[PDB]
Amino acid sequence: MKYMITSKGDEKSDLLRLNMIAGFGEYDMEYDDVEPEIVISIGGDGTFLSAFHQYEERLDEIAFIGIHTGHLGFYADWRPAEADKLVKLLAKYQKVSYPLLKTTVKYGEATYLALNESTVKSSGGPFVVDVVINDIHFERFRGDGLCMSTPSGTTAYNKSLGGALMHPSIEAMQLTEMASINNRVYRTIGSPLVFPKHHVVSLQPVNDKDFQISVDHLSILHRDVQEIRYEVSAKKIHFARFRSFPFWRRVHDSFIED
């Protein structure tokens, strides 16, 4: 199996990476960061996110593993003390898959893939968009912005906005509001909305057409936008799992007590 390892870049992670590389040398494993089948991230969830986006053109060929050298992460859910055991079993595991979010931006097309979420805010002044669900005008949103989250992304920005946590086996996306204006004149639903596969949520500008669009860590300013279109991606991220670490236990460990 070809493999590669990204590191957070501090002393802890680089030395752990060099030790795992040395451990992999004692087996029949070839280090290749061009066409790896196994991508190991050492650091935190942000390190894992960058690893995912480095190889998002070969998602169907890769199994990801995360090692957290800091606190417990939702994607980096292996302890550094287990790195040797990881090297052992990695050289011959079952795969689990999580859904992803497709974002399409049109001008007068660019598509992005998100593992956590995709957000939209205004660049110049007030944020006003018409929210269209499966070609049906649903609401005119006025506020700070909107956030569309994957299932595994619900524990991240989605959670801080009041969204629900949903198990990653559910093929869905969740839309949450950012500081909406609600009075007798302006009306939004308020509640988070959970959409299934094949449902298309479209954002269409009213006045201003420039928007700051974020996809996970990446945040780009887009000008002369005609439409922002969300849907559950056809592609999935594949993890290499070696033990039972249930999602709800990861949620407990991160937010209740560990």
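Take the two forms, superpose them, and find the largest set of C-alpha atoms that agree within 1.5 Å; that set is the rigid core. Residue numbers run from 1 along the displayed sequence.
Taken in 6 other deposited structures of this protein and fitted on the core, 183-191 and 170-178 differ in how far their Cα atoms move from the shown form, and the one that moves more is 183-191. Note on 150-158 and 121-129: with rigid core alignment, C-alpha atoms in 6 other deposited structures of this protein sit farther from this form for 121-129. Compared with other deposited structures of the same protein, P80 does not meet the criterion of being unmodelled in at least one third, since all of those that resolve residues on both sides include it. For the cut-off of one third of the other compared entries, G70 qualifies: that many or more give it no coordinates while modelling its flanks.
Going from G108 to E109, you skip over 4 to 9 residues of the deposited sequence that the entry leaves unmodelled. According to the PDB entry, the deposited sequence contains 1 to 3 residues between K92 and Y93 that lack coordinates. Averaged over Cα atoms, the B-factor as recorded in the entry is higher for 51-59 than for the other of 186-194 and 51-59.
Remark: stretch with higher mean C-alpha B factor among 94-102 and 151-159 is 94-102. Between the residues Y27, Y230, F211, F64, the entry's highest C-alpha temperature factor is the one at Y27. Of the candidates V206, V200, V215, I40, it is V206 whose Cα B-factor is highest according to the PDB record.
Per the deposited record, the Cα B-factor of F127 falls in the middle third when ranked against the other modelled residues of its chain. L86: CA B factor lies in the highest third for its chain, per the PDB record.
Among all modelled residues in this chain, the alpha-carbon of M1 has a temperature factor (C-alpha) in the highest third.
Ranked within its chain, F239 lands in the middle third, by CA B factor from the PDB record.
Sort the modelled residues of the chain by CA B factor and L72 lands in the highest third.
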